[PDB]
Amino acid sequence: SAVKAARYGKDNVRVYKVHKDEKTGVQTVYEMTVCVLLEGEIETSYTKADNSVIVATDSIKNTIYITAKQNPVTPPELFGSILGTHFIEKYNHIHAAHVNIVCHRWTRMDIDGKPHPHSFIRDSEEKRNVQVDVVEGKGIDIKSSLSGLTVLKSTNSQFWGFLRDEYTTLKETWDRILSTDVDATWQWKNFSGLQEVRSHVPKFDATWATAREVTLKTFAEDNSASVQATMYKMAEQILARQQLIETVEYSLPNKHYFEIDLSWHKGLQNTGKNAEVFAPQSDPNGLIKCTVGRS
Ligand SMILES: O=C(O)c1cccc(C(=O)O)n1
Ligand SMILES: O=C(O)c1cccc(C(=O)O)n1
Ligand SMILES: O=C(O)c1cccc(C(=O)O)n1
Ligand SMILES: O=C(O)c1cccc(C(=O)O)n1
Ligand SMILES: O=C(O)c1cccc(C(=O)O)n1
Ligand SMILES: O=C(O)c1cccc(C(=O)O)n1
Ligand SMILES: O=c1[nH]c(=O)c2nn[nH]c2[nH]1
Ligand SMILES: [Lu+3]
Ligand SMILES: [Lu+3]
């Protein structure tokens, strides 16, 4: 037998960094969970117990903290690129570094309508993520995403005109609840290296903000014909706003809220136009995916 692929590294590295403005007293915090996996001329660690080719995963962890100390950790696209580039430059036999970063929210508190200089709240579990693949001779590939953005609209969602055959029980509807957990990813054009990533730094935070804004506005305002149709409208807009994005991918669960027939009880009317109380379903769920690019 033979090694066809191999990668190894450190996962679940939690990192916090504080920036303290000396003039104003204002502090800013960042918290992220980092994973770094390396590839290269490492097959002999597997086949011959040759540990000489292993940069210990503990050292990978140390490098993450040292890198965070010596560089900005924001935007995450930049931090991941710096981190990945370190490994392929430092170690001759390491040829790719794969860096995943999950950014956790720490939003500044407003106390008596005034932003507090050093107190923060986790407003929701929505994440901002990056996957950075730094490959020797092939530049830097970056996928940016938002995930865990949970939304619901109580009307202005329809689902009718679908295929009906002997496997079909679903009733057509012209008014339903629509709720999802948004996972949205945008894939950047390949970057030639760290200098090119650095040259585009302002685009990263701006594009994340745009992607979030477009997602929420489209979801809120579309009179939705389906999850499919609404997600395509989102992707189309994001591509239109940032030419350095090559593709946009959505993965959306359709989290079902079922009507509850209560007419068996004192003729109570709770369906159709009288539907007020619903049973949220934990499972199963629809899962709808799409990748949209430029034609
Ligand atoms: O959408 C449908 O319900 C449909 C479509 C073709 C034939 C039939 C039928 O024979 O009932 N029903
Ligand atoms: O087999 C079919 O054509 C079918 C299946 C479900 C509903 C209906 C219908 O409402 O006509 N028709
Ligand atoms: O027009 C139709 O699609 C139709 C009409 C009567 C019965 C059914 C059915 O059993 O699905 N479908
Ligand atoms: O990444 C960018 O979008 C960028 C970088 C440098 C200057 C400018 C600019 O002046 O718009 N924009
Ligand atoms: O090359 C650029 O960075 C650029 C070009 C046109 C507009 C903008 C901008 O508004 O940021 N940025
Ligand atoms: O700050 C900037 O200059 C900026 C922000 C978002 C997009 C762009 C761009 O596409 O040029 N530029
Ligand atoms: O928006 C929807 N898309 C679908 O594909 C689907 N299937 N059942 N309900 C659905 N709702
Ligand atoms: Lu029929
Ligand atoms: Lu610009």
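Hydrogens, waters and symmetry mates play no part in the numbers below; they use all other heavy atoms, side chains included. Counting starts at 1 for both ligands and their atoms, following the listed order. FYI, the numbering just counts along the sequence from 1.
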List of N/O pairs, ligand 6 versus protein, all under 3.5 Å?
residue	atom	partner	partner atom	Å
ligand 6	10 (O)	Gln242	NE2	2.9

Exercise. Looking at CZ of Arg7 and CD1 of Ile42, how far apart are the two atoms once the value is rounded to the nearest 0.5 Å?
Worked result: 9.5 Å

Problem set entry | Sub-4.0 Å atoms of ligand 4 with respect to non-hydrogen atoms of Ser199 |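 Those qualifying, in numeric order: 1 (O), 5 (C).
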
For this session: Report yes or no: is the cationic atom of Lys289 (NZ for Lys, CZ for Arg) under 6.0 Å from the centre of the six-membered ring of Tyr250, at an angle within 45° of the ring normal?
Result: no

For this session: Could you pull out the closest heavy-atom pair between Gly25 and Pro117, with the gap in Å?
Result: O-CB, 3.9 Å

Exercise. Can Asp50 and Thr44 be counted as having a side-chain donor-acceptor contact under 3.5 angstrom?
Worked result: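 Yes - a donor-acceptor pair under 3.5 Å links their side chains.
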
Exercise. Counting heavy atoms not belonging to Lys189, are there more than 12 under 6.0 Å from its NZ?
Worked result: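 Buried by this count: over 12 neighbours within 6.0 Å.
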
Exercise. Which residues satisfy the side chain to side chain contact (heavy atoms under 4.5 Å, CB included) test with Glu125, sequence neighbours excluded?
Worked result: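 Scan of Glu125 (side chain to side chain contact (heavy atoms under 4.5 Å, CB included), adjacent residues dropped) gives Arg122, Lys127.
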
